[PDB]
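Pasted below: input09.txt, compact mmCIF, C-alpha atoms.
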```txt
# COMPACT_ATOMS: atom_id res chain seq x y z
CA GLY A 2 -70.28 49.38 37.66
CA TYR A 3 -68.98 47.27 34.78
CA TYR A 4 -68.71 46.99 31.01
CA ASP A 5 -70.34 44.15 29.13
CA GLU A 6 -68.72 42.38 26.18
CA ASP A 7 -70.28 44.92 23.78
CA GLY A 8 -68.85 48.03 25.47
CA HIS A 9 -71.96 49.20 27.35
CA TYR A 10 -71.57 50.48 30.90
CA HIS A 11 -73.89 49.14 33.61
CA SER A 12 -74.26 50.68 37.07
CA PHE A 13 -75.34 48.96 40.28
CA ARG A 14 -77.07 52.21 41.27
CA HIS A 15 -79.98 50.93 39.14
CA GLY A 16 -82.79 49.05 40.86
CA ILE A 17 -85.42 46.74 39.37
CA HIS A 18 -85.92 47.65 35.70
CA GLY A 48 -71.87 58.76 35.15
CA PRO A 49 -75.16 56.96 35.71
CA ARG A 50 -78.48 58.79 35.97
CA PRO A 51 -81.68 57.69 37.76
CA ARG A 52 -84.02 55.45 35.76
CA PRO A 53 -87.50 54.14 36.63
CA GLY A 54 -87.20 51.74 39.54
CA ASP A 55 -84.12 53.46 40.97
CA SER A 56 -83.79 54.80 44.49
CA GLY A 57 -82.63 58.39 44.80
CA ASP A 58 -80.87 57.18 47.95
CA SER A 59 -78.38 55.24 45.79
CA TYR A 60 -76.93 58.45 44.27
CA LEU A 61 -75.63 60.09 47.46
CA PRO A 62 -72.32 61.88 46.80
CA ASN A 63 -69.03 60.38 47.99
CA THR A 64 -70.53 56.88 48.22
CA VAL A 65 -69.66 53.63 46.46
CA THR A 66 -71.84 50.58 45.91
CA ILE A 67 -70.72 47.50 47.84
CA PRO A 68 -72.11 44.00 47.17
CA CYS A 69 -73.56 42.59 50.36
CA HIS A 70 -71.44 39.42 50.31
CA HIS A 71 -68.28 41.56 50.70
CA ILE A 72 -69.59 43.23 53.89
CA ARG A 73 -68.34 42.10 57.30
CA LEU A 74 -68.87 43.18 60.89
CA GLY A 75 -66.95 46.35 61.65
CA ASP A 76 -67.09 47.62 58.06
CA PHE A 77 -68.06 51.22 57.38
CA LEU A 78 -71.39 51.68 55.59
CA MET A 79 -73.92 54.38 54.84
CA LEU A 80 -76.95 53.49 56.99
CA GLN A 81 -79.93 55.84 56.59
CA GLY A 82 -77.59 58.29 54.90
CA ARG A 83 -75.15 58.25 57.82
CA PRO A 84 -71.58 56.88 58.06
CA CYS A 85 -71.77 53.94 60.46
CA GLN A 86 -69.73 51.06 61.83
CA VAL A 87 -71.62 47.80 61.24
CA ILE A 88 -72.33 45.89 64.45
CA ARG A 89 -74.98 43.37 63.31
CA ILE A 90 -75.79 41.70 60.00
CA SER A 91 -79.04 39.77 59.71
CA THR A 92 -81.75 38.90 57.20
CA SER A 93 -85.17 40.53 57.13
CA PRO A 94 -87.93 37.89 57.35
CA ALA A 95 -90.34 40.21 55.54
CA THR A 96 -88.15 40.67 52.45
CA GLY A 97 -85.34 38.11 52.73
CA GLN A 98 -82.74 40.85 52.24
CA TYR A 99 -79.78 41.67 54.45
CA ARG A 100 -80.33 44.12 57.31
CA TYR A 101 -77.46 46.10 58.84
CA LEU A 102 -77.30 47.58 62.34
CA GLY A 103 -74.63 50.22 62.81
CA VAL A 104 -73.29 52.97 65.04
CA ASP A 105 -73.00 56.48 63.62
CA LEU A 106 -69.32 57.41 63.53
CA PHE A 107 -70.10 61.06 64.40
CA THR A 108 -73.19 60.99 66.66
CA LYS A 109 -72.76 57.45 68.10
CA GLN A 110 -76.48 56.84 67.46
CA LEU A 111 -77.78 53.49 66.26
CA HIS A 112 -78.95 53.26 62.64
CA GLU A 113 -80.56 50.45 60.66
CA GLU A 114 -80.91 49.88 56.92
CA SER A 115 -81.71 47.00 54.58
CA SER A 116 -79.92 46.27 51.32
CA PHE A 117 -81.36 47.36 48.00
CA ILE A 118 -81.61 44.98 45.06
CA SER A 119 -79.72 46.13 41.96
CA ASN A 120 -80.66 44.58 38.59
CA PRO A 121 -78.58 46.49 36.00
CA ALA A 122 -78.81 43.85 33.26
CA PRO A 123 -80.64 40.58 32.53
CA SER A 124 -79.74 37.91 35.12
CA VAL A 125 -77.45 40.31 37.03
CA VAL A 126 -79.10 40.71 40.46
CA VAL A 127 -76.97 41.96 43.37
CA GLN A 128 -77.90 42.89 46.92
CA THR A 129 -75.94 46.11 47.50
CA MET A 130 -75.21 48.67 50.19
CA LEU A 131 -73.57 52.10 50.10
CA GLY A 132 -70.17 52.77 51.65
CA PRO A 133 -68.29 56.04 52.22
CA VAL A 134 -65.31 57.32 50.24
CA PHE A 135 -62.27 58.05 52.43
CA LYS A 136 -59.59 60.68 51.94
CA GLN A 137 -55.96 59.98 52.87
CA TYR A 138 -53.98 62.73 54.61
CA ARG A 139 -50.40 62.84 55.82
CA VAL A 140 -49.89 63.46 59.55
CA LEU A 141 -47.65 66.40 60.49
CA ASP A 142 -48.32 66.60 64.24
CA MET A 143 -50.36 64.84 66.95
CA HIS A 144 -51.07 66.85 70.08
CA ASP A 145 -53.96 67.45 72.51
CA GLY A 146 -55.96 64.54 71.08
CA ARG A 147 -55.99 66.03 67.57
CA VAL A 148 -53.77 65.79 64.50
CA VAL A 149 -52.44 68.32 62.03
CA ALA A 150 -52.91 66.74 58.61
CA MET A 151 -51.84 67.54 55.04
CA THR A 152 -53.88 66.79 51.93
CA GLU A 153 -52.31 65.45 48.74
CA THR A 154 -52.12 69.04 47.47
CA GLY A 155 -50.54 70.55 50.59
CA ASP A 156 -53.69 71.87 52.29
CA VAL A 157 -52.99 71.88 56.04
CA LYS A 158 -55.80 70.56 58.24
CA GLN A 159 -55.45 71.97 61.76
CA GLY A 160 -57.13 70.36 64.76
CA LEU A 161 -58.42 67.26 62.97
CA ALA A 162 -60.27 65.06 65.45
CA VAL A 163 -59.43 61.36 65.80
CA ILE A 164 -62.34 59.01 66.42
CA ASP A 165 -62.24 57.34 69.82
CA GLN A 166 -62.57 53.86 68.36
CA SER A 167 -60.48 50.67 68.18
CA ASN A 168 -57.56 52.32 70.02
CA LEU A 169 -56.93 54.43 66.91
CA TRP A 170 -55.15 57.31 68.65
CA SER A 171 -52.64 55.00 70.35
CA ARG A 172 -51.86 53.00 67.20
CA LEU A 173 -51.72 56.21 65.16
CA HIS A 174 -49.37 57.82 67.67
CA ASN A 175 -47.10 54.76 67.93
CA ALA A 176 -46.75 54.55 64.14
CA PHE A 177 -46.23 58.32 64.04
CA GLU A 178 -43.38 58.32 66.58
CA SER A 179 -41.56 55.54 64.70
CA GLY A 180 -42.05 56.90 61.15
CA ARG A 181 -44.05 60.01 60.36
CA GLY A 182 -43.88 60.24 56.56
CA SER A 183 -45.29 56.69 56.49
CA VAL A 184 -48.47 57.41 58.51
CA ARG A 185 -51.80 58.36 56.92
CA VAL A 186 -55.22 59.06 58.44
CA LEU A 187 -58.42 58.04 56.67
CA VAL A 188 -60.82 60.97 56.92
CA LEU A 189 -64.59 61.26 56.48
CA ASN A 190 -66.59 64.47 56.07
CA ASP A 191 -70.03 65.01 57.63
CA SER A 192 -71.29 68.18 55.89
CA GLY A 193 -68.15 70.12 56.80
CA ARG A 194 -67.23 68.31 60.03
CA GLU A 195 -64.14 66.18 59.45
CA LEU A 196 -63.13 63.05 61.37
CA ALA A 197 -60.10 60.76 61.18
CA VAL A 198 -61.71 57.32 61.45
CA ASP A 199 -58.85 54.97 60.49
CA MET A 200 -55.14 54.91 59.65
CA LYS A 201 -52.79 53.39 57.08
CA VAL A 202 -49.03 52.89 57.06
CA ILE A 203 -47.62 53.15 53.53
CA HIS A 204 -44.71 50.79 52.90
CA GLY A 205 -42.46 49.95 49.95
CA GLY B 2 -67.06 54.86 41.15
CA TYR B 3 -68.63 57.78 43.00
CA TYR B 4 -69.97 61.31 42.66
CA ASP B 5 -68.35 64.21 44.47
CA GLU B 6 -70.32 67.03 46.08
CA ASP B 7 -70.25 68.99 42.79
CA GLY B 8 -71.80 66.25 40.64
CA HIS B 9 -68.65 64.95 38.92
CA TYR B 10 -68.22 61.20 38.49
CA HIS B 11 -64.93 59.59 39.53
CA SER B 12 -63.90 56.04 38.61
CA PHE B 13 -61.49 53.76 40.46
CA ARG B 14 -60.39 52.40 37.07
CA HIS B 15 -58.06 55.43 36.98
CA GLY B 16 -54.49 55.00 38.19
CA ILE B 17 -51.97 57.64 39.26
CA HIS B 18 -52.86 60.95 37.59
CA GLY B 48 -68.66 55.14 31.44
CA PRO B 49 -65.01 55.88 32.22
CA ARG B 50 -62.33 55.97 29.53
CA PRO B 51 -58.57 55.37 29.89
CA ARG B 52 -56.49 58.39 30.91
CA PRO B 53 -52.70 58.78 31.21
CA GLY B 54 -51.49 56.61 34.07
CA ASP B 55 -54.30 54.07 33.68
CA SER B 56 -53.85 50.36 33.16
CA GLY B 57 -55.70 48.84 30.23
CA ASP B 58 -56.05 45.79 32.48
CA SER B 59 -58.53 47.71 34.66
CA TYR B 60 -61.11 47.93 31.83
CA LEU B 61 -61.73 44.21 31.28
CA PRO B 62 -65.41 43.54 30.51
CA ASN B 63 -67.70 42.03 33.14
CA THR B 64 -65.41 43.10 35.99
CA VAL B 65 -65.95 45.37 38.97
CA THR B 66 -63.37 47.22 41.05
CA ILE B 67 -63.06 45.95 44.62
CA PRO B 68 -61.14 47.83 47.34
CA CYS B 69 -58.47 45.58 48.79
CA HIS B 70 -59.67 45.94 52.39
CA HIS B 71 -62.97 44.24 51.44
CA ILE B 72 -61.19 41.15 50.05
CA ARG B 73 -61.02 37.95 52.12
CA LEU B 74 -59.68 34.45 51.60
CA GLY B 75 -61.99 32.44 49.36
CA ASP B 76 -63.28 35.49 47.49
CA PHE B 77 -63.47 35.42 43.70
CA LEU B 78 -61.07 37.78 41.92
CA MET B 79 -59.63 38.39 38.48
CA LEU B 80 -55.97 37.36 38.76
CA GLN B 81 -53.92 37.84 35.58
CA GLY B 82 -57.20 38.21 33.71
CA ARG B 83 -58.53 34.90 35.03
CA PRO B 84 -61.41 34.16 37.45
CA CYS B 85 -59.77 32.74 40.57
CA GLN B 86 -60.52 31.72 44.14
CA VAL B 87 -58.17 33.59 46.50
CA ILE B 88 -56.07 31.25 48.64
CA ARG B 89 -53.37 33.63 49.98
CA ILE B 90 -53.24 37.36 50.69
CA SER B 91 -49.86 38.92 51.43
CA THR B 92 -47.93 42.15 50.96
CA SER B 93 -45.21 42.63 48.36
CA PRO B 94 -41.96 43.78 50.02
CA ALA B 95 -40.87 45.46 46.78
CA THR B 96 -43.95 47.69 46.46
CA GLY B 97 -45.82 47.41 49.77
CA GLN B 98 -49.04 46.52 47.92
CA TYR B 99 -51.27 43.52 48.48
CA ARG B 100 -50.48 40.34 46.54
CA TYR B 101 -53.12 37.69 45.85
CA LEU B 102 -52.56 33.99 45.15
CA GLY B 103 -55.51 32.21 43.59
CA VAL B 104 -56.73 29.09 41.84
CA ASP B 105 -58.29 29.42 38.40
CA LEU B 106 -61.93 28.37 38.64
CA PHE B 107 -61.83 26.78 35.16
CA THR B 108 -58.27 25.45 34.68
CA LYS B 109 -57.36 24.92 38.38
CA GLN B 110 -53.99 26.59 37.69
CA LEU B 111 -52.34 28.91 40.20
CA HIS B 112 -52.33 32.63 39.39
CA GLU B 113 -50.78 35.61 41.16
CA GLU B 114 -51.46 39.33 40.90
CA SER B 115 -50.75 42.47 42.93
CA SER B 116 -53.22 45.27 43.57
CA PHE B 117 -53.19 48.44 41.50
CA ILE B 118 -53.29 51.86 43.11
CA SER B 119 -56.26 54.00 42.06
CA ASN B 120 -56.06 57.78 42.60
CA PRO B 121 -59.23 59.19 40.99
CA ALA B 122 -59.23 62.50 42.89
CA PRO B 123 -56.97 64.48 45.24
CA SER B 124 -56.35 62.54 48.48
CA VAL B 125 -58.45 59.57 47.29
CA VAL B 126 -55.98 56.67 47.04
CA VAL B 127 -57.34 53.10 47.06
CA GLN B 128 -55.62 49.77 46.54
CA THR B 129 -58.02 47.91 44.25
CA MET B 130 -58.49 44.55 42.57
CA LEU B 131 -60.87 43.33 39.85
CA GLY B 132 -63.67 40.88 40.56
CA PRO B 133 -66.02 39.04 38.19
CA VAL B 134 -69.69 39.82 37.56
CA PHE B 135 -71.99 36.85 38.21
CA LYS B 136 -75.24 35.96 36.48
CA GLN B 137 -78.12 34.39 38.43
CA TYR B 138 -80.07 31.57 36.79
CA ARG B 139 -83.02 29.53 38.01
CA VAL B 140 -82.49 25.76 38.26
CA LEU B 141 -84.97 23.57 36.38
CA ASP B 142 -83.25 20.18 36.67
CA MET B 143 -80.11 18.61 38.17
CA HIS B 144 -78.98 15.33 36.64
CA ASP B 145 -75.73 13.61 35.64
CA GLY B 146 -73.62 16.19 37.48
CA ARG B 147 -75.03 19.09 35.44
CA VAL B 148 -77.96 21.48 35.79
CA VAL B 149 -80.56 22.79 33.39
CA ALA B 150 -80.81 26.51 34.10
CA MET B 151 -83.08 29.38 33.03
CA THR B 152 -81.98 32.97 32.54
CA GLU B 153 -84.09 35.93 33.70
CA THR B 154 -85.52 36.13 30.17
CA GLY B 155 -86.38 32.42 29.82
CA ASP B 156 -83.29 31.26 27.92
CA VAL B 157 -82.78 27.59 28.81
CA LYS B 158 -79.19 26.56 29.57
CA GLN B 159 -78.77 22.82 29.00
CA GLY B 160 -75.91 20.85 30.54
CA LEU B 161 -74.52 23.65 32.71
CA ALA B 162 -71.52 22.37 34.64
CA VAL B 163 -71.28 22.80 38.42
CA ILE B 164 -67.84 23.55 39.83
CA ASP B 165 -66.47 20.79 42.04
CA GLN B 166 -65.77 23.14 44.92
CA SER B 167 -66.97 23.64 48.52
CA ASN B 168 -69.50 20.78 48.21
CA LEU B 169 -71.55 22.97 45.87
CA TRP B 170 -73.35 20.16 44.04
CA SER B 171 -74.58 18.56 47.28
CA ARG B 172 -75.77 21.84 48.81
CA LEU B 173 -77.31 22.87 45.48
CA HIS B 174 -79.10 19.53 45.17
CA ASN B 175 -80.36 19.54 48.77
CA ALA B 176 -81.79 23.04 48.39
CA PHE B 177 -83.22 22.02 45.00
CA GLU B 178 -85.06 18.96 46.35
CA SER B 179 -86.64 21.00 49.16
CA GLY B 180 -87.60 24.08 47.10
CA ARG B 181 -86.77 24.49 43.43
CA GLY B 182 -88.15 27.93 42.58
CA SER B 183 -86.01 29.28 45.45
CA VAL B 184 -82.65 27.98 44.16
CA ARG B 185 -80.30 30.03 41.96
CA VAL B 186 -76.86 29.25 40.53
CA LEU B 187 -74.22 31.96 40.18
CA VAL B 188 -72.65 31.53 36.74
CA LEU B 189 -69.39 32.79 35.23
CA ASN B 190 -68.46 32.81 31.54
CA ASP B 191 -64.94 32.06 30.26
CA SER B 192 -65.09 33.15 26.60
CA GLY B 193 -68.17 31.03 25.92
CA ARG B 194 -67.57 28.27 28.48
CA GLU B 195 -70.08 28.62 31.32
CA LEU B 196 -69.66 27.40 34.89
CA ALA B 197 -71.94 27.44 37.93
CA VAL B 198 -69.54 28.47 40.70
CA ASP B 199 -71.90 29.29 43.60
CA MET B 200 -75.55 29.19 44.64
CA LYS B 201 -78.13 31.41 46.32
CA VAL B 202 -81.48 30.65 47.94
CA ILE B 203 -83.92 33.53 47.49
CA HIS B 204 -86.22 34.03 50.48
CA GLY B 205 -88.99 36.46 51.43
```
Show how you would write the structure in this file as structure tokens.
Amino acid sequence: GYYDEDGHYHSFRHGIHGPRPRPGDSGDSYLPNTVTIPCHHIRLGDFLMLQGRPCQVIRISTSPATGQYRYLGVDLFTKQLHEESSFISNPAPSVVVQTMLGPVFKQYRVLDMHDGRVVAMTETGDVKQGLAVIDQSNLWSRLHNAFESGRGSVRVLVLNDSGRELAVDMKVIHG
Amino acid sequence: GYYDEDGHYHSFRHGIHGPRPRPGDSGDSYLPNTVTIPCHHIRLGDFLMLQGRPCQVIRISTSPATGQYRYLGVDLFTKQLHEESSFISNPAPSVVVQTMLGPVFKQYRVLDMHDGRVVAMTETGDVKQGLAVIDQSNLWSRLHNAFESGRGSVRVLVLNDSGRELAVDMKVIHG
């Protein structure tokens, strides 16, 4: 959300007139561990919540019925196809944004990579044994190359599907 | 921001440990009419707050000193160059996001386009006389073409620089 010039907070979880549901809101827009993303910042390959599921976007189009953006995606866990249209947020007069929901990632350190899985560490030292790596975009190979050349620098980006955890991307921290 | 599975709100306006400033936060991250944008969703040409100024991004690079993203941009109002690095948000354990600030746009209807300026209407009927159109990306020509072919469908995206208003993009509402 944002603050206006008078100090009032406005949330893009609000539809046509933390934040709480108001008339015109969708209960779908308050899913936990999700952030609102304006549609113009969404590109092919991005990760989005489609029908409540974490998906990789593979098609962006416009619905002729409504004129809003429509997103086709592949479930990161089940590999099923999902489809969802944007929802129109109008938090304040003349502020109208087509929005989508995206997942919140957790960053873990990588301690070991063996038998197709990683041993990861959370920020607080919690050791994650047998963390699966998504078979997508050659992630395991790039993860393992960066691991072999510098292990304290490698992080996995992890999503949680009601208890089932998946490393879906990586990051190399520099500086 | 987002909600965790327990109902607690978390804001990306928080640095290294509506929302209020905590220890480790930057006061810069609470500018009014700004939204937090994760750095991986930022592309060349996007609109960002750089040094507190609304800018068009023209270069994205990584700082060797800090390893964070660095953004070069052109002020939309003054046409001056501005430069700013991302700030690291850590709202919760293992949630670490490089973020930037972006402006909030207002959508106005277009009633008239003459002498290089538009007459606009806010959502509530407030008439904006003599609204300037940014000389950027052939906006005036595309705005005027869409206006001549369908006027109730055309919207300008407007930014405000401490009272000085500027139409910096357009949208054609369909459906």
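Residue nearest residue 122 in chain A within the list B:81, B:63, B:96, B:171: B:63 [criterion: smallest interatomic distance, only C-alpha atoms].
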Just need the residues of chain B within 9 Å of chain A, counting all atoms listed in the file, so spit them out as a PDB file with C-alpha atoms, keeping the file's coordinate frame.
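Final output, part_8.pdb:
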```
ATOM      1  CA  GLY B   2     -67.060  54.860  41.150  1.00  0.00           C
ATOM      2  CA  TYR B   3     -68.630  57.780  43.000  1.00  0.00           C
ATOM      3  CA  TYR B   4     -69.970  61.310  42.660  1.00  0.00           C
ATOM      4  CA  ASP B   5     -68.350  64.210  44.470  1.00  0.00           C
ATOM      5  CA  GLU B   6     -70.320  67.030  46.080  1.00  0.00           C
ATOM      6  CA  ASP B   7     -70.250  68.990  42.790  1.00  0.00           C
ATOM      7  CA  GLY B   8     -71.800  66.250  40.640  1.00  0.00           C
ATOM      8  CA  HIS B   9     -68.650  64.950  38.920  1.00  0.00           C
ATOM      9  CA  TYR B  10     -68.220  61.200  38.490  1.00  0.00           C
ATOM     10  CA  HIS B  11     -64.930  59.590  39.530  1.00  0.00           C
ATOM     11  CA  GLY B  48     -68.660  55.140  31.440  1.00  0.00           C
ATOM     12  CA  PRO B  49     -65.010  55.880  32.220  1.00  0.00           C
ATOM     13  CA  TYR B  60     -61.110  47.930  31.830  1.00  0.00           C
ATOM     14  CA  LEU B  61     -61.730  44.210  31.280  1.00  0.00           C
ATOM     15  CA  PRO B  62     -65.410  43.540  30.510  1.00  0.00           C
ATOM     16  CA  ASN B  63     -67.700  42.030  33.140  1.00  0.00           C
ATOM     17  CA  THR B  64     -65.410  43.100  35.990  1.00  0.00           C
ATOM     18  CA  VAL B  65     -65.950  45.370  38.970  1.00  0.00           C
ATOM     19  CA  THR B  66     -63.370  47.220  41.050  1.00  0.00           C
ATOM     20  CA  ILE B  67     -63.060  45.950  44.620  1.00  0.00           C
ATOM     21  CA  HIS B  71     -62.970  44.240  51.440  1.00  0.00           C
ATOM     22  CA  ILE B  72     -61.190  41.150  50.050  1.00  0.00           C
ATOM     23  CA  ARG B  73     -61.020  37.950  52.120  1.00  0.00           C
ATOM     24  CA  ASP B  76     -63.280  35.490  47.490  1.00  0.00           C
ATOM     25  CA  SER B  93     -45.210  42.630  48.360  1.00  0.00           C
ATOM     26  CA  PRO B  94     -41.960  43.780  50.020  1.00  0.00           C
ATOM     27  CA  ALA B  95     -40.870  45.460  46.780  1.00  0.00           C
ATOM     28  CA  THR B  96     -43.950  47.690  46.460  1.00  0.00           C
ATOM     29  CA  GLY B  97     -45.820  47.410  49.770  1.00  0.00           C
ATOM     30  CA  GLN B  98     -49.040  46.520  47.920  1.00  0.00           C
ATOM     31  CA  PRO B 123     -56.970  64.480  45.240  1.00  0.00           C
ATOM     32  CA  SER B 124     -56.350  62.540  48.480  1.00  0.00           C
ATOM     33  CA  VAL B 125     -58.450  59.570  47.290  1.00  0.00           C
ATOM     34  CA  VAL B 126     -55.980  56.670  47.040  1.00  0.00           C
ATOM     35  CA  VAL B 127     -57.340  53.100  47.060  1.00  0.00           C
ATOM     36  CA  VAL B 134     -69.690  39.820  37.560  1.00  0.00           C
ATOM     37  CA  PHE B 135     -71.990  36.850  38.210  1.00  0.00           C
ATOM     38  CA  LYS B 136     -75.240  35.960  36.480  1.00  0.00           C
ATOM     39  CA  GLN B 137     -78.120  34.390  38.430  1.00  0.00           C
ATOM     40  CA  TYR B 138     -80.070  31.570  36.790  1.00  0.00           C
ATOM     41  CA  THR B 152     -81.980  32.970  32.540  1.00  0.00           C
ATOM     42  CA  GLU B 153     -84.090  35.930  33.700  1.00  0.00           C
ATOM     43  CA  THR B 154     -85.520  36.130  30.170  1.00  0.00           C
ATOM     44  CA  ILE B 203     -83.920  33.530  47.490  1.00  0.00           C
ATOM     45  CA  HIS B 204     -86.220  34.030  50.480  1.00  0.00           C
ATOM     46  CA  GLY B 205     -88.990  36.460  51.430  1.00  0.00           C
TER      47      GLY B 205
END
```
For this session: Skip residue 107 in chain A itself and residues of its chain fewer than 6 positions away, then list as a PyMOL selection string all residues within 8 Å of it, counting only C-alpha atoms.
Result: chain A and resi 84+191+196
Axis-aligned box for range 199-202 of chain A, 5 Å per side, centre and edges in Å as AutoDock Vina command-line options:
```
--center_x -53.9 --center_y 53.9 --center_z 58.8 --size_x 19.8 --size_y 12.1 --size_z 13.4
```
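Between CA of residue 184 in chain B and CA of residue 156 in chain B there is a distance of 16.6 Å.
Our summary of the geometry notes that CA of residue 180 in chain B is positioned 13.3 Å from CA of residue 200 in chain B.
Atom to atom, CA of residue 148 in chain B and CA of residue 83 in chain B stand 23.6 Å apart.
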For this session: Within 12 Å of (-74.6, 56.5, 66.8) (coordinates as in the file), grab all the protein and nucleic acid residues, counting all atoms listed in the file, and write them out as a PyMOL selection string.
Result: chain A and resi 80-81+83-88+102-113
Who sits within 9 Å of residue 142 in chain A, all atoms listed in the file, same chain under 5 positions skipped, as a PDB file with C-alpha atoms, keeping the file's coordinate frame:
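Saved as out08.pdb:
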```pdb
ATOM      1  CA  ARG A 147     -55.990  66.030  67.570  1.00  0.00           C
ATOM      2  CA  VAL A 148     -53.770  65.790  64.500  1.00  0.00           C
ATOM      3  CA  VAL A 149     -52.440  68.320  62.030  1.00  0.00           C
ATOM      4  CA  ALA A 150     -52.910  66.740  58.610  1.00  0.00           C
ATOM      5  CA  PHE A 177     -46.230  58.320  64.040  1.00  0.00           C
ATOM      6  CA  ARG A 181     -44.050  60.010  60.360  1.00  0.00           C
TER       7      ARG A 181
END
```
For this session: Would you list the contacts of range 55-57 of chain B as number ranges by chain, taking every protein, DNA or RNA residue within 9 Å and counting only C-alpha atoms, but skipping same-chain residues closer than 3 positions in sequence?
Result: B: 14-18, 51-52, 60-61, 117, 119
With C-alpha atoms retained, write the just-selected residues as an mmCIF file, in the frame of the given file.
```cif
data_model
loop_
_atom_site.group_PDB
_atom_site.id
_atom_site.type_symbol
_atom_site.label_atom_id
_atom_site.label_comp_id
_atom_site.auth_asym_id
_atom_site.auth_seq_id
_atom_site.Cartn_x
_atom_site.Cartn_y
_atom_site.Cartn_z
ATOM 1 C CA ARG B 14 -60.390 52.400 37.070
ATOM 2 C CA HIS B 15 -58.060 55.430 36.980
ATOM 3 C CA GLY B 16 -54.490 55.000 38.190
ATOM 4 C CA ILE B 17 -51.970 57.640 39.260
ATOM 5 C CA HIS B 18 -52.860 60.950 37.590
ATOM 6 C CA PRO B 51 -58.570 55.370 29.890
ATOM 7 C CA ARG B 52 -56.490 58.390 30.910
ATOM 8 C CA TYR B 60 -61.110 47.930 31.830
ATOM 9 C CA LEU B 61 -61.730 44.210 31.280
ATOM 10 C CA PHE B 117 -53.190 48.440 41.500
ATOM 11 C CA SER B 119 -56.260 54.000 42.060
#
```
